[PDB]
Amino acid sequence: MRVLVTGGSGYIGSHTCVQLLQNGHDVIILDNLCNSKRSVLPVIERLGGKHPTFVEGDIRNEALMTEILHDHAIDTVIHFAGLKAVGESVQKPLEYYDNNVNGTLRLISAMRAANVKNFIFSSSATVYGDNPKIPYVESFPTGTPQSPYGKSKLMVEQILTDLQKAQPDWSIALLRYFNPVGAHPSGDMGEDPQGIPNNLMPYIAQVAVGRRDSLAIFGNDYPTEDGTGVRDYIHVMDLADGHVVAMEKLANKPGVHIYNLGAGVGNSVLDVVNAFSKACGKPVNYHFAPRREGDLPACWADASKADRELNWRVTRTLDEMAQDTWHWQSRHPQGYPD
């Protein structure tokens, strides 16, 4: 298929692109480079074994989106482009609503204009909001996310859902997940966050590598086996794969297809730290801090539906998540070149 991948140079997008190319699809990457560097492009092509077309631009530019779709005769679109920092979203709500909500809107308006009707949305498990019932199932109603970021994700899901109802020939997947971690097994692609990492893994990684002094652990008095918070982590390669399978199997199958992508289990903070100490060969430094306000003691997604309907399930482990991360750091200590 001919696939446009917005946000194709980012973390999840880059790995997905490689898999797409490996499966022989024709890939067009659209990225504005606000959170990625052109230097990943050549890596993508090399690992994918095929050349992807790159277009630097913004999803908010409806005109350019239309042009692209037309020019490349796109069949389907995998949408990763947007902003995703939860704390920053509380500080700069408008940027989040413009990139995420308006950004998706402009993008699907261009699709309509170009006659494209296959869409894969990189969603978020934040949509379940504060559900005390765990694990989360696709059959659970959505809740109210707490940050502008979470809210933007739910808004886009609703917008897409109404669009499908009005244009019943569309096929739209809403892929929900929690924490993507890990890196391509080559160690030549991985997460390259700029500034302070918000996500546990990257943070742990930076402490281990010596960029940070110690990890602060938010609470040690939860009703969990070891007293630390239990979360959901998915290897970026498993996640990329899930996006590819969904794109392939859902194309031209009208409807709104909702799927949780995850391992189907939770891991504690300590579990993740220990996996990492293990991968990097030295004890990661940490200390305890108080609970982070609004935190549940445990949370994870039920991924049965995806197993059943798409025949998809994870195949990477927590240790591999830690190892592959350390492997990329080790090989590209300064990230992607400028």
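Numbers follow the displayed sequence, beginning with 1.
Fill in: Comparing 9-17 with 326-334, the one whose average Cα B-factor in the PDB entry is higher
The deposited B-factors put 326-334 ahead on the C-alpha mean.
Worksheet item: Per the entry, where is the mean C-alpha temperature factor higher: 240-248 or 220-228?
Response: Higher mean C-alpha B-factor: 220-228.
Worksheet item: Taking the Cα B-factors listed in the entry, which of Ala125, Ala110, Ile74, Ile159 comes out highest?
Response: If I rank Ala125, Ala110, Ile74, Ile159 by C-alpha B-factor, first place goes to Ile74.
Item to complete: Among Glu309, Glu62, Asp31, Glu45, single out the one with the highest C-alpha B factor in the record, please.
Response: Reading the PDB entry, the winner on C-alpha B-factor is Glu45.
Practice prompt. Using the B-factors in the PDB entry, rank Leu41's C-alpha atom against the chain and give the third, lowest, middle or highest.
Written response: For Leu41, the deposited C-alpha B-factor lands in the highest third.
Worksheet entry | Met1 - Cα temperature factor, lowest/middle/highest third of chain | Highest third of the chain for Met1's C-alpha B-factor.
Worksheet item: Among the chain's modelled residues, which third holds the C-alpha B-factor of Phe140?
Response: Within its chain, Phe140 is a highest-third residue by C-alpha B-factor, going by the deposited values.
Practice prompt. Using the B-factor values recorded in the entry, state whether the Cα atom of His184 falls in the lowest, middle or highest third among the modelled residues of its chain.
Written response: Within its chain, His184 is a middle-third residue by C-alpha B-factor, going by the deposited values.
Worksheet item: Going by what the PDB entry lists, where does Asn102 fall on CA B-factor within its chain: lowest, middle or highest third?
Response: Its C-alpha B-factor belongs to the lowest third of this chain's values.
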